[PDB]
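Report on one structure; see the data block that follows.
Neighbour counts run over all protein chains shown; Cβ positions are idealised from the backbone, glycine included. What follows is calculated from the coordinates using simple rules that are stated; it is not laboratory data.
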Amino acid sequence: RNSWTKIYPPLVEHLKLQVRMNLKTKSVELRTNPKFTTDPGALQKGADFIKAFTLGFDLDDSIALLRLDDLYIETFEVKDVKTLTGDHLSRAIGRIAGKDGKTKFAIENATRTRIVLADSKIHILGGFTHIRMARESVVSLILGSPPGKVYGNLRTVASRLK
Amino acid sequence: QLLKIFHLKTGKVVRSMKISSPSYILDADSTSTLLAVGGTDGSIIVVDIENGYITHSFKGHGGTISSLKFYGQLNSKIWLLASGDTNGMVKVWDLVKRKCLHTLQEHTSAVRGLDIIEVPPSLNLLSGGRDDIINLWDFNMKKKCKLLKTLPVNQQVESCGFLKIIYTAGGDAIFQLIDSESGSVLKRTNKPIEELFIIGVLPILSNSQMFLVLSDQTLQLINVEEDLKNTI
Amino acid sequence: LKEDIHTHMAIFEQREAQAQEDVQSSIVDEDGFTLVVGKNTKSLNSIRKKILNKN
Amino acid sequence: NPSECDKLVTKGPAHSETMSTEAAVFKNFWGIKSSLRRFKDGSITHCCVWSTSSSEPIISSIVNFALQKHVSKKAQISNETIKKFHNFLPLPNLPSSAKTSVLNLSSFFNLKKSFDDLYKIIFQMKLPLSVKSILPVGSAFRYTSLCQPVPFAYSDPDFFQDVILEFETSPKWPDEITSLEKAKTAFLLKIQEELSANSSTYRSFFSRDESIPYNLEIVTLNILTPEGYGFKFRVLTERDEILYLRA
Amino acid sequence: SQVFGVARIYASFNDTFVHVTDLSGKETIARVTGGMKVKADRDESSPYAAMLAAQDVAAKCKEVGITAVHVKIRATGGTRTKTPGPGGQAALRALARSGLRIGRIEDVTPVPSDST
Amino acid sequence: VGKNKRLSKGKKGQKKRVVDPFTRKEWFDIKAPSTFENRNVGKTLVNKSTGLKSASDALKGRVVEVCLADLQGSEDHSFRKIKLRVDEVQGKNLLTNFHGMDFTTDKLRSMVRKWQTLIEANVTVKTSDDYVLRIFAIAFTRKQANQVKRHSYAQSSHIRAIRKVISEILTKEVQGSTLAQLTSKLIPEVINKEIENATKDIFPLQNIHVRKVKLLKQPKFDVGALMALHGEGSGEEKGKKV
Amino acid sequence: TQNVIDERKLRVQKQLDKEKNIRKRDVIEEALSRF
RNA sequence: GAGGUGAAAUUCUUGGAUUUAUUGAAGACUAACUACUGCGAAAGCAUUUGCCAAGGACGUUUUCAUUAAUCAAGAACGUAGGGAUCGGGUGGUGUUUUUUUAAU
């Protein structure tokens, strides 16, 4: 509701489709109009736009998914690796977030992608091999590594990026 | 993306159109300068090939569109179109008045292989199918009726009717010759040891030689004009 | 029958509501006692015939 | 076998180019009334059509032809009991119902189709206490009406079938039987008011009932449907049988 | 008048599957994978690989005659990622673009109730 | 994959080139039971109608998982897809019957959140016919109005009471009904409101659903009863002309 | 836990304002009331 | 073609591997709900329903009358204050509730 004024003009006047914010089942439904809407994949791109926004990325990040259509959005969980009982789960999300978001922002600025993370399920959006680089760095950090070592590894991956 | 190559020394793409549906059946006339093509929705465009663009639209139909045929004698004033179908029907159009002549809903599968001729406007036609029914009609210009059905046991693909009045059928790699006005298979080729069947019959030299392109990537010659005056 | 259902419901809801509040505030007995009524019970006749049935 | 006792075609052997021995048997056995037809699926089978009828079963005509072709061309088949009290059932004034069989229930199915139209219309409206379950109980719905229900037949006493409807289990129903039956009349008045409001092609009229005794105020409504049938609506409540047990 | 297939888009690890079936589930139509388009063995789970795979499936299914596709995305399930990867959205974007009407996007990934 | 990878000793077995089966396949269309509206749900490939594993018996076992919004034309229930078992093939139209029902998983995964407790129930119940159903029911605690505490937890001795009364009343709602009546009373979602009305006395109980009906044993065929669920029909002549 | 206590203070504030607003504030339907 | 990885490779696969659908069997586990919440002497304990006993807190104008605690040996099992919440009880008086079926 607070970002609805910036969401719909890239769904109406920039991108050609039409929106409804259904308060029936608390959802968003998107139609494409047959009379004048071009771009036969624009419905899917706008759906994935609001899907990334409701999934947890910020609205400029979701606009970055809307434009430049080759950015996809991977999702995985903490619970798949090492089974992570709740105290260790708190250690895990605190270790990924660092202090004042600094390790997460380090991965963000390093691997040219943007992540968000819920209490047990995290999401990375970007380009596909950058998703894979961020995912292997995150799964190494959630296996539990020195942050200096993962900083050096991300220096090497940024050297691969350049 | 429809294209046409003039086969002569100018082998360039002469005309190129943007058709609606991805199509899978084309037929040009017995004469030149008429090309009919129908997509996989109901739309049968026909095109004058010289100055290549759409001359008729023919929304008309329903379902994806099976094989079709022209009715062409040089310097006539009739110019019909056959227009088979997947859900079994034959909806004959003309080309001089852009009207559905007769709607015919009688079949049960894809109407492959239909053919139009006149015998003294009489204009008998014959429409096979993936069902085993060839189902010839009288087809007057104003109002039409039916005659015999004569039921070959095949899955007929391109039933090129009206040879010298004798019909053909293919579809089990079996080229059945069937008499008209009564039913008897009289010439029929050897069934092979594969399972692959007839994709297409092709008339050469005014319905006297027959090319047979198979489901396999082979193509055979028949010589009907000798092997009908010949058994097997 | 529309005016009949109007008049019949109009007198019935009135007598039902006054019987309900009459059993909901019937505190005084003549010798000191306070009648236990139970929650949202609608009639003194109802609790009377209930306590006759529970014999 | 009463399932396919009156099936109007008899599918014999399938058709091929090589005429099999059972096909030859069927040809020589039936002859002038055999044919080979395509059915709607696409297969071809030798069969024999039979013009069915209401005053006979088709097995009469079949045994007639299949004896007058084989045992003797003068052996007369005589039966009259079936023809006498096979049409003691009243012949329903329908399209071609003399030509149809007696195991056909298409009048009942047409009545249930009109009932499904009324069912959808009575659901997707709005009430202060909406319908929990509407369900028919009538004689045409159990296929035991004497005459088959033809549309617009007023004078048959088995015309107005009864459908009942139960509302949601709400506690705000009144106490005694005259007031809860009067509330049932209130709900019926509401649904006929909205029915004449939104769907003018139907019609409604009320009716007093007297079969349940000592409450003269039980009212049903009767819907006259544009398809040609009528329905008698009875409201059931959860308070009813415990009211009667209280009494 | 349209007719409907069912996508069953499998967004696996190291591979991606797309094969539309008629909506019973028996008669599958044009099984492709991510491997049978690209030639590297490293990105047979590529978004591009799934993209042209879904393009070829769309062409073959328009050749057969189905026009709309009820789409059902399945991840690898089990005690594994339980959630679609990038190949699922890649195939979804591809066959949503390629002239094919789309219906009822879902998620049919299996959930374990705490298996091993 | 490509040309540079491997031969892998499995490609030496030769390929049996082409059979082109879609020229041989055949289209049928499905007719849903007449409890719903819009009974035409789509089309199905089968095989060519020959002998020796014919079409009409290679059929008649399958299920189709259609959406209830596709059956009713009303987007108020886009979830709750049902499964129809194709049972009696009769003249190009697959007459089907009810076989099951399930929520699309996004609806229940968006219904369940934390700071509330959910209740499950499930009974094996025979209908008035000889079908038996493992019919399920899901329930959720309502945050009461004018509440303050974040919790809204059930005392787990209310949970036995809610589960007992919900199993009792939906056992009654099954056993006083046939299967067609069970579908026609499950479609306009009325045992949910019946559960909420008969169970709001003990606890406030946010949105109730049933979410699963699994058939476990079917009585018999009864071709006439299945034709009675749709409408009658008598396959008759087509002209011989030979 | 500070966020929990803050959310409880927000809910108590909302309920006190809602109670303050609450304190400061045809024939057939008359028969078909009370349901 | 499937698998598998940073790439591979091994393996499986035209006697149809992967995938799809309908089932059937087998054992183990109880996704989300799950919290700075519950229980048990401790280790530990999460599907439903029933049985078998036990235990804790509360309630109490009920009884007994010092029966208490502490541990070798042995034995069984393995400084003051405030807010919120869980279980029980008392009082208040609004909405949920409802009314002669029981319950509370």
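Observations
- Answer residue from segment F:103-125, given it is part of a helix (DSSP H, G or I) and under 17 Å from the mean Cα position of the chain (by Cα) and is farthest from the other protein chains (Cβ to nearest Cβ) among those: F:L108
- Of all residues in segment B:155-191, those satisfying the criterion of being at the interface with another protein chain (Cβ under 10 Å from one of its Cβ atoms) and crowded, with 23+ Cβ neighbours inside 10 Å are B:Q155, B:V157, B:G171.
- Those residues of segment B:195-221 which are part of a loop (DSSP other than H, G, I, E, B) and within 24 Å of B:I133 (Cα to Cα), in sequence order: B:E195, B:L196, B:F197, B:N207, B:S215
- Within segment A:65-83, the residues that satisfy the criterion of being away from RNA strand H (no atom under 16 Å from the Cβ), touching a helix residue (DSSP H, G or I) at 6+ places or on another chain (Cβ under 9 Å) and away from every other protein chain (no Cβ under 12 Å) are A:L66, A:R67.
- Out of E:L52, E:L100, sole residue that is out of contact with any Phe, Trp or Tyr (no Cβ under 6 Å at 6 or more places or on another chain) and either within 11 Å of chain A (Cβ to nearest Cβ) or away from RNA strand H (no atom under 15 Å from the Cβ) (or both): E:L100
- Residue that is farthest from RNA strand H (Cβ to nearest atom), among those in segment E:1-47 that are under 30 Å from B:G60 (Cβ atoms) and over 16 Å from the mean Cα position of the chain (by Cα): E:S1
- With respect to (1) in a strand (DSSP E or B); (2) within 14 Å of chain D (Cβ to nearest Cβ); (3) among the hydrophobic types (A, V, I, L, M, F, W, C), the lone exception for B:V92 is condition (2).
- When segment A:84-115 is filtered for residues that are more than 16 Å from RNA strand H (Cβ to nearest atom) and assigned to a loop (DSSP other than H, G, I, E, B), the ones remaining, listed by number, are A:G98, A:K99, A:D100, A:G101, A:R112, A:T113.
- Subset of segment B:119-137 that is touching a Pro at 6+ places or on another chain (Cβ under 9 Å) and buried (at least 24 other Cβ atoms within 10 Å of the Cβ) - its residue that is farthest from F:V242 (Cα to Cα): B:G128
- Hits in segment F:183-201 (condition: under 14 Å from the mean Cα position of the chain (by Cα), more than 10 Å from chain D (Cβ to nearest Cβ) and among the hydroxyl-bearing types (S, T, Y)): F:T183
- Hits in segment A:1-54 (condition: in a loop (DSSP other than H, G, I, E, B), farther than 23 Å from F:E75 by Cβ and among the aliphatic types (A, V, I, L, M)): A:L15
- Out of F:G42, F:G51, sole residue that is over 30 Å from F:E196 (Cβ atoms), surrounded by fewer than 14 Cβ atoms within 10 Å (Cβ to Cβ) and facing another protein chain (nearest Cβ under 10 Å): F:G51
- Among residues of chain G being within 14 Å of chain C (Cβ to nearest Cβ) and assigned to a helix (DSSP H, G or I), the one that is farthest from D:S130 (Cα to Cα) is G:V27.
- Checking each residue in segment F:131-159 for being in a strand (DSSP E or B) and out of contact with any helix residue (DSSP H, G or I) (no Cβ under 8 Å at 6 or more places or on another chain) picks out F:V132, F:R134, F:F136.
- Residue under evaluation F:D70, criteria (1) in a helix (DSSP H, G or I); (2) more than 29 Å from F:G176 (Cβ to Cβ); (3) within 14 Å of chain D (Cβ to nearest Cβ); (4) among the charged types (D, E, K, R), criterion not met: (3)
- In segment D:15-56, the residue that is surrounded by the fewest Cβ atoms within 10 Å (Cβ to Cβ) out of those that are within 11 Å of another protein chain (Cβ to nearest Cβ) and in contact with a helix residue (DSSP H, G or I) (Cβ under 7 Å, 6 or more places away or on another chain) is D:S34.
- So F:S128, is it part of a loop (DSSP other than H, G, I, E, B), surrounded by 12 or more Cβ atoms within 10 Å (Cβ to Cβ) and more than 7 Å from RNA strand H (Cβ to nearest atom): yes
- Verdict on C:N40 being among the polar types (S, T, N, Q), within 7 Å of RNA strand H (Cβ to nearest atom) and within 24 Å of G:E30 (Cα to Cα): yes
- Subset of segment F:131-157 [more than 14 Å from chain G (Cβ to nearest Cβ) and either buried (at least 17 other Cβ atoms within 10 Å of the Cβ) or more than 9 Å from RNA strand H (Cβ to nearest atom) (or both)]: F:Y131, F:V132, F:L133, F:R134, F:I135, F:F136, F:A137, F:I138, F:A139, F:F140, F:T141, F:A154
- Condition broken by F:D57, with the remaining ones in (1) loosely packed, with under 12 Cβ neighbours inside 10 Å; (2) acidic (D, E); (3) away from RNA strand H (no atom under 15 Å from the Cβ) satisfied: (3)
- D:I223 away from RNA strand H (no atom under 13 Å from the Cβ) and either in a strand (DSSP E or B) or more than 14 Å from chain G (Cβ to nearest Cβ) (or both): yes
- Residue within segment A:94-104 that is among the charged types (D, E, K, R), within 14 Å of chain E (Cβ to nearest Cβ) and under 25 Å from E:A75 (Cβ atoms) present: no
- Test: residue in segment F:162-170 that is β-branched (V, I, T), surrounded by 18 or more Cβ atoms within 10 Å (Cβ to Cβ) and either away from chain D (no Cβ under 14 Å) or away from RNA strand H (no atom under 16 Å from the Cβ) (or both): yes
- Residue satisfying all of: in segment A:32-54; more than 10 Å from chain E (Cβ to nearest Cβ) and under 24 Å from the mean Cα position of the chain (by Cα); surrounded by the fewest Cβ atoms within 10 Å (Cβ to Cβ) among these: A:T54
- Sole residue being away from RNA strand H (no atom under 12 Å from the Cβ), within 12 Å of chain E (Cβ to nearest Cβ) and within 30 Å of E:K39 (Cβ to Cβ), chosen from F:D20, F:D29: F:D20
- Subset of segment E:8-30 [closer than 27 Å to E:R80 by Cβ, within 14 Å of chain F (Cβ to nearest Cβ) and part of a strand (DSSP E or B)]: E:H19, E:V20, E:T21, E:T28, E:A30
- Among the residues making up segment D:235-247, those that are crowded, with 18+ Cβ neighbours inside 10 Å and not hydrophobic (A, V, I, L, M, F, W, C) are D:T237, D:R239.
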